[PDB]
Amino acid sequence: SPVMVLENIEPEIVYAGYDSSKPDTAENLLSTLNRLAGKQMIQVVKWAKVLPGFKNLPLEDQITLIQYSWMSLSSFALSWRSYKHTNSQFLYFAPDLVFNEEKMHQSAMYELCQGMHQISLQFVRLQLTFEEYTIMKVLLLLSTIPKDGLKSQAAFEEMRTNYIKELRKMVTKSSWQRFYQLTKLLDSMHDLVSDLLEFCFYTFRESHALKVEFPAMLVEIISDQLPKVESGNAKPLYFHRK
């Protein structure tokens, strides 16, 4: 049962290391989020290595998928924590960092934070299950590829198709109507992720001007991803073309 493997390989939740004694400036909050994103990225690698089928993909493709999907996996997991721990009332970044209205404003990402809150509110509406969540998170890892395709495109397509089949088998437990609600939710991630990345690329490019710090893991990923996304080399994969 590959879904039972997914449930068991879910990473431990990470602390932000948020310093509530320091002023709650945009520089301090965003730097904490970036430190958090770096720690989460290590967890994504550990998880992806043991993800059924991932090892079949060549190293270049594994790197491409992780770099293209990092914001998608991260934002989808933030929505899950917000839903599980607060019934989507707040943004649960970490046990030590839960955003209220104050923090949404202070972060200088108010509108993006409300966009994220809208996704977590969809989890409540649909009553998303952990089983559905874990399959969908794998689909997000496989949702953005290069415009000219991957090195082993057929191997990737076989893995993606297999996980789509798993999601269809799973919706029978809570069925065509549910399947399309879940694929609609997955497609909706691309637009929010595009806006999150646009802000991340901005603070990255004007880093010391805005005092926003980035850990080494994020510097490396963004340095590679930013020219590729901006030159139109990233190809978001949609279940239903808008």
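We number the residues from 1 along the sequence you see.
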message: Are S174 and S175 truly consecutive in the deposited sequence, or are residues between them missing coordinates? Give the number as none, 1 to 3, 4 to 9, or 10 or more.
response: 4 to 9
- request: On mean C-alpha B-factor from the PDB entry, just flag whether 207 to 215 or 30 to 38 is the higher one.
  value: 207 to 215
- prompt: Comparing 175 to 183 with 193 to 201, which stretch shows the greater average C-alpha B-factor in the deposited entry?
  reply: 175 to 183
- request: Specify which of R160, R168, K137, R81 carries the largest Cα B factor in the deposited PDB entry.
  value: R168
task: Rank-wise, by C-alpha B-factor, drop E132 into the lowest, middle or highest third of its chain.
output: lowest
- prompt: Going by what the PDB entry lists, where does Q106 fall on CA B-factor within its chain: lowest, middle or highest third?
  reply: highest
- prompt: Ranked by Cα temperature factor within the chain, is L6 in the lowest third, the middle third or the highest third?
  reply: lowest
message: Using the temperature factors of the C-alpha atoms in this entry, rank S75 within its chain: lowest, middle or highest third.
response: lowest
query: By its CA B factor, does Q118 count among the lowest, middle or highest third of the modelled residues in the chain?
result: highest
